[PDB]
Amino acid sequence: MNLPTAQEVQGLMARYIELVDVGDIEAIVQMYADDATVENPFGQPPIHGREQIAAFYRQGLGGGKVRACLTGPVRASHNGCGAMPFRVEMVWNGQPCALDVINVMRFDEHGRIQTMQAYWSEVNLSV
């Protein structure tokens, strides 16, 4: 495919959340461009490339029990970008906890994620 239309961005960004929710690390990594970046949380230096990105998702999702769900609709653009609000259910010290996040993505001219930026800080975590 080419640069995703607004409707295609919606679909891709919702699919990303589905894949996080089901914990399919390999399928998530395949959504990214080979040389993509992830800034998590936004404010921290980017990681680069599918090896580093795979390591990020393995560290976050490797336990197999994380859940994630949109908390409202994707807001897409006409230039291959979008933003979405969601909540992640994780564990911490055996305590269930939830993290509220907004991801901002930009897709490349092949429909792959070029950049991901995850906005959140510590007060978005609730034990």
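Numbering starts at 1 and follows the sequence shown.
The question of which stretch, 48-56 or 87-95, has the higher mean Cα B factor is settled in favour of 87-95. According to the PDB record, 19-27 carries the higher mean C-alpha B-factor of the two stretches 113-121 and 19-27.
Highest CA B-factor among the listed residues (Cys69, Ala76, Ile102, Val66): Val66. Ranking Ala33, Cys81, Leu61, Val38 by Cα temperature factor from the entry places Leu61 first.
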